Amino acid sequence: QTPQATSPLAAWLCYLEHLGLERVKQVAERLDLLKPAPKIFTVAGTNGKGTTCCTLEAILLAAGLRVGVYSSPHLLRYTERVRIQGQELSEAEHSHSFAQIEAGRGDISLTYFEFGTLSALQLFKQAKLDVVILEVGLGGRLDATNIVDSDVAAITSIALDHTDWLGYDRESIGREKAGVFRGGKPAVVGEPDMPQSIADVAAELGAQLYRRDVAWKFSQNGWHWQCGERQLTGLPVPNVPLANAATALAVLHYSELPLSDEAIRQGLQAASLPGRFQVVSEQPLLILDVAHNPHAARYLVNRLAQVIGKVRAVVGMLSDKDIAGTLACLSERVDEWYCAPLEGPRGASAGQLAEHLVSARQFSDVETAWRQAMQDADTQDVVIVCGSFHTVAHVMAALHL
């Protein structure tokens, strides 16, 4: 049955779970959703989209602007996906927005993500925003967020999130992501090892390509961000990866928005996202991180090295990830492994994780694994929960965050 505006959000999510861009575009046109705010930033990338967006948001809010952010996936609540002024909306607002998309689409079928994307646009449109930040779901060219013409588009990073396959490489991934670029608009690339396909697409489109280590760069007791002969010096170090903060500053720079020193510094000091190298406790140090590929794992290993005792990892992953690569990378720093299954046909068993490891413990579920790691942990240890949004979410639910 079809839910209504007054139905619980959970009933809407069940309906949606049971569901090129021509179809989602046609619905957005019917509902005048293509221009949610006067300034739109679209952020693609394999990793770092979340923390790039949260840095943009923090600086723009510090500047006194009205800002919305659309991000995905979520940890505990669907409502995490749409932030306005840094905050989540009520479930009721979501149910009402979904009902408007449902009425509005008529006979046109939409996917879960298209539906959620149109709902977000509708929420943003009503909120009288200055700037909307759209995190791409997957890829770029064919993502629902690509129906909106952005003022600035960015690629945060290029990395392989899946296993070997013909024709699947940095070049193929890059090409699809570059689909978010627009003719005559800044195309910011925060990946330092940029595939050529990104430059080729930018060139076919007529976008203005602005690459890290060509057009702008950064270096790190603050840090510096430079673009040509101008720089910001002695910036505060944020609680996000500096590469992503730097991509955010590049977006802001090429947008030409007026932004004070105070807004930049306050935003950098505020920027953070749950589950992105999130310290939840000390002695022992408990960190939650949604890393689920080798590139994300590399950053995690580097951070772990500087918080220096044993490192105990609580891990669960989806079966279609590069499990061998991610676990090989983490294994550079992880001393003790606590493996758990994730539920459903899409979730890897604990045995599927353990086959890539030597000494691994296997548990019935992530909470159980995590509790055993915390029991085993000495005060000098680090316990890192990682592998998937799902793994992190199970521990956050257990901790009642």
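Residue positions are given as counts along the sequence shown, with the first one as 1.
> Between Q220 and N221, how many deposited residues lack coordinates (none, 1 to 3, 4 to 9, 10 or more)?
Gap between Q220 and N221: 10 or more residues without coordinates.
> Can you tell me how many deposited residues have no coordinates between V214 and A215? The categories are none, 1 to 3, 4 to 9, and 10 or more.
Going from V214 to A215, the model skips no residues of the deposited sequence.
> Return whichever of 36 to 44 and 351 to 359 has the greater mean Cα B factor according to the PDB record.
Taking the mean C-alpha B-factor of 36 to 44 and of 351 to 359, the larger value falls to 351 to 359.
> Do the C-alpha atoms of 104 to 112 or of 248 to 256 have the higher average B factor in the entry?
Taking the mean C-alpha B-factor of 248 to 256 and of 104 to 112, the larger value falls to 104 to 112.
> Highest Cα B-factor in the PDB entry belongs to which of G140, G309, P238, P294?
Reading the PDB entry, the winner on C-alpha B-factor is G309.
> From the list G167, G267, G206, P73, select the residue with the highest C-alpha B factor recorded in the entry.
Most elevated C-alpha B-factor of the set, per the entry: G206.
> Classify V27 as lowest, middle or highest third according to the C-alpha B-factor given in the PDB entry, relative to its own chain.
Its C-alpha B-factor belongs to the highest third of this chain's values.
> C-alpha B factor of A324, ranked within the chain: lowest, middle or highest third?
CA B-factor rank for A324: middle third.
> Of the three thirds of its chain by CA temperature factor, lowest, middle or highest, which one includes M396?
As the PDB entry reports it, the C-alpha B-factor of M396 lands in the lowest third of its chain.
> Which third, lowest, middle or highest, does the C-alpha temperature factor of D335 belong to within its own chain?
It belongs to the highest third of the chain when residues are ordered by C-alpha B-factor.
> Mind checking which third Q85 falls in for C-alpha B-factor across the chain?
As the PDB entry reports it, the C-alpha B-factor of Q85 lands in the lowest third of its chain.
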